[PDB]
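Quick reminder, even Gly has a Cβ in these numbers, built from the backbone with ideal geometry, and neighbours come from all protein chains shown. Computed from the coordinates by the stated procedures, all read-outs in this text should not be read as laboratory data.
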Ligand SMILES: O=c1[nH]c(=O)c2nn[nH]c2[nH]1
Ligand SMILES: O=c1[nH]c(=O)c2nn[nH]c2[nH]1
Ligand SMILES: O=c1[nH]c(=O)c2nn[nH]c2[nH]1
Ligand SMILES: O=c1[nH]c(=O)c2nn[nH]c2[nH]1
Ligand code: NA
Ligand code: NA
Ligand code: NA
Ligand code: NA
Ligand SMILES: [Xe]
Ligand SMILES: [Xe]
Ligand SMILES: [Xe]
Ligand SMILES: [Xe]
Ligand SMILES: [Xe]
Ligand SMILES: [Xe]
Ligand SMILES: [Xe]
Ligand SMILES: [Xe]
């Protein structure tokens, strides 16, 4: 037998950083969860019990805190590239670093219409994420994403004209609820190294904001023919607005809300045009994915 | 042996209701999770296998949907009182109904600065809850609450002057992070029945909004001497603003963020006045509770 | 305003202890999660910012580890009583301690039919719990429990003869699946103090084992007329076997498995006597409770 | 823009099936959670709102229940291959089916030393899983796995001789706790179609059992030099015992238990050879992966 692939590192490293403006007294906080996995010439730790090749996962954890102390942590695409580059440059035998970052929301509170200098609220479990793969001699590959964005529209969603055969019971509809949790990922063109990533720094926050805005607007305004058709419209617009993105992927659950027929009880009308009370279904759920690129 | 207490019913009943304004085309959604447990003369179902006394939990579920179809579901204090009253009035042998409601957030989206007529976003897992106990001949007891409100302040929290003995290692501090998940409950004076609850309907939403506002403002503005001292200030203000509340209870975790000493690495300074990077701790956590009433 | 009630302390304190037999080389591990909340003359920490009355929650955490170092941690009823007594005896102004312990399973592995001296497996998320309330001048109140015991029987459960009215759609049945997660609590007679708790030490493990055995046997053997009727039989037997128990409480979800009518597809028969494939329902669920005591 | 990849289907489909032996009266239950995602000529549903190409996800759900009614559901490798083959054979324009199955444990109860005919217990959240990819003209690729197997050993684990530099604080050790949650996957050689899968049916359960046995024995008996070294020994043995497996992958968290220095309190000794009480750490955790194949 032989080692075909191996990677190891530290997962679930929680980090908080605060920035204090001495002039204004305004403080800004960042909180993330980080995972770093390394690859390289490490097979002998598996096959020969040779620990000399192992950068201890405890040391990886230390390195994350040290790097956060000495560098900006925003945008996360920059921080992840700095962190990944460190490992491949510092250790001769490590040839790839894989960095995943989840950014948690701490939104500045408004108290009496004014932004508070040092108090924050977690407004939703929506996350902004990055996956950064730093590979020695092959540059830096970055995938950025938003996830946990949960939305619902109460009308202007349809689903009719699908295949009907002996396995089909679903009725065609011209008016239904549509609800999903959005997971959207945009993949950047490959970067040659940290200098190139630094030159594009302003594009990271702007593209995140655009992806979010396009997602919300298209969801709210599209008279949706299916999840498939609506998500394609979102991905098309994002690609049109940022030339440095190569692909956009969406992964969308279809979270079903079922009509409840109440006619058995005193002829009460609660279906079709009379539907007011619905039963949200915890499971099963549709799951629809698509990756859109440039033609 | 003998039955000392018994209650039974349906838990985890998810309900969605939509309201459609025909004039404006504006739609508003409500989504809740409901639990109803009944008590009364039901001992024989336990001791004698006498099912004749059991209102099936499946029937309780039906009743929830029917009641939501025929009545407003907001404010939840009103809906819960209607639902509880139904069971004690309809069934001679049922003498108490216990209704718990969790309200989930569906906040209307703003698209291009305008409120959208039928699209919504889940902005945070914060909940608004009610517990309604309807007891035949003893009226209606309502506890209202907010929970899952997660906040953090990066300075203006202190903790010094606590008891020090041979079990104490904690250092006194004049500047720390304070972060918690707020659970706050206000208990209404007892109501004689549904007519009285209906007469106070406008106070329910207003008091929820006040409790929330007071919580956020006090948290952000108090130069906090301890969780204990700050939470007391919150409860005191809520009681001052709503005479129909008898008690306010807060239950607050103290979610610790620890300094990381980096001086072992090239004398890097990251403690006290130089602290920028911190380690959020998942566990253990302080837990501080208090119930404040009128003197 | 005035403080009507207050308690504070440390929650989610994870503790592991190992015992090593020097003779046999056999090691035994215990792992728990502990919460300690204190009450007493502490109102001024809330009303006056007087921290002098506060035993820091960090110190409570230290005390848990120290107590675990110097005392047995099994049975958990004994450990919790030791821990609670410590706080009310050590601090003049603290008059009650409330200790909750969750014990996690680490079951010794069998390798080639022999018990391994130092390797363990987590066989199920079933827990053994205690709640110990130590109140100065009123002794020690202990509630012991098992929870997270998930069982299912595929036949020999019935449910017929329940109340039928205009809210009822549920069909009577003489053969259904019954599945639940068992939460069972037995409350001990009040103990005068630690000496009395120590005198009953052998009864704690034996009663836990009896409660578990009775639960499983009765579930498997009862031709069940309802959850209500079966759970009563369990509680009755436990009370008969241990005179020092005052009450037994069960809290049982009814986790529904629904028939799926497939007759729309080529007349396929999958209901009643022909039912083979079922749809487990995540929600809603019945919830049935009862507290049984001595007559 | 263009669709580069697309797949869609139904996730979280819970299924229960019971088998009844008429002779013995013995019943056996199976419970699974299933996900089916389809690929093929479906781009136009995304780009042109052409629903005619969509097999509704609701119909996929129906098909799962129908297939479970008409076929054995065990071993899951066989069931998944049947289900995947159905979709690519039934629909001309669907060319790949991806089936994921999670099998939940329902272990027959022993009551008074005898196996009960129809009562079951969930002994642990350990799962047996399959991923089946059925691709038209390319056969059937099956990955089998076990996951959620949580183990701990209290001694006979070491970790010394790792790289030490200016980022390293971790002390070398010759005696530590080792605890992990095992995720192990074995990938079968490609099968030409359903006939070939059926010819190997007895190997599926036997190989699962071998993978489990090897994992537990090696964990318990290896005087472990690192997670890396121990996991390699496991994978090597599995490959030696089943020639039809091409690769074995393990993914293992290192769940840390930290010593607690208590010497600040009355010189209490709780480190090194005197360590008895430890603090389990919820996060961060090491994460170690390896894929082993044949040389
Ligand atoms: O938008 C939808 N897309 C689908 O593929 C589907 N299948 N059922 N309902 C559905 N809705
Ligand atoms: O605000 C606090 N209250 C407390 O009781 C405490 N104990 N440790 N840190 C603390 N902080
Ligand atoms: O055992 C049961 N008890 C109940 O109270 C009930 N209500 N519906 N089904 C039920 N089953
Ligand atoms: O077994 C281990 N492997 C590792 O790579 C490691 N790093 N720190 N501790 C460790 N333990
Ligand atoms: Na390198
Ligand atoms: Na009544
Ligand atoms: Na005392
Ligand atoms: Na096909
Ligand atoms: Xe951070
Ligand atoms: Xe969508
Ligand atoms: Xe609702
Ligand atoms: Xe607070
Ligand atoms: Xe312990
Ligand atoms: Xe039961
Ligand atoms: Xe199944
Ligand atoms: Xe391991």
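Overview of results
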item	result
Residue among B:273, B:143, B:233 with the largest mean-square fluctuation in a Gaussian network model of chain B, springs linking Cα atoms under 10 Å	B:273
For the stretch D:27-52 and the stretch A:242-295, distance of Cα centres in Å	15 Å
Shape metrics for chain C, restricted to C-alpha atoms - Rg then Dmax, Å	23.9, 78
Cα gyration tensor of the stretch B:59-186 - equivalent ellipsoid semi-axes, whole Å, descending	41, 26, 10
Equivalent ellipsoid semi-axes, the stretch D:140-235, via Cα gyration tensor eigenvalues times 5, rooted, Å	36, 15, 10
Burial order of peptide ranges B:162-174, A:179-191, C:74-86 (average beta-carbon count within 10 Å, highest first)	C:74-86, A:179-191, B:162-174
Cα-based helix-to-principal-axis angle, A:227-241 vs chain A, degrees rounded to 10	40 degrees
Peptide B:85-91 - average C-beta neighbours from other chains (10 Å radius)	1
The stretch C:79-123 - convex hull of the alpha-carbon atoms, volume per residue in Å³	88 Å³
Residue with peak Gaussian network fluctuation, chain B [Cα springs, cutoff 10 Å], from B:157, B:263, B:145	B:263
Pseudo-label separations to other copies for residue D:192 - Cα-to-Cβ vector, 7 Å, nm	5.2, 8.5, 8.7
222 nm mean residue ellipticity, helices alone, for chain C (DSSP H n ≥ 4; -39,500 (n - 2.57); rounded to 500)	-8000 deg cm²/dmol
Ranked by how many other beta carbons lie within 10 Å on average, peptides B:193-201, B:148-156, D:203-211 from highest	B:148-156, D:203-211, B:193-201
Per-residue average of Cβ from other chains inside 10 Å of A:172-179	2
Shielding by partners - mean other protein chain Cβ count within 10 Å, residues of D:104-114	3
Chain C: angle of helix C:201-221 to the longest principal axis, Cα-based, in degrees nearest 10	10 degrees
FRET efficiency estimate (nearest 0.05) - Cβ-Cβ, residue A:246 to residue A:201, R0 22 angstrom	0.70
Separation of alpha-carbon centers, the stretch A:171-223 and the stretch D:60-137, rounded to whole Å	36 Å
Radius ratio Rg over Rh of the stretch A:152-295, counting only Cα atoms, Kirkwood formula for Rh	1.11
Coarse-grained scattering of the stretch B:1-125 at q = 0.14, 0.18, 0.22 Å⁻¹, given as base-10 log I(q)/I(0) from a Debye sum over alpha-carbon atoms	-0.69, -0.96, -1.25
Degrees separating the helix D:57-70 axis from the principal Cα axis of chain D, which is the longest one	90 degrees
Rg over Rh [alpha-carbon atoms, Kirkwood Rh] for the protein assembly as shown	0.94
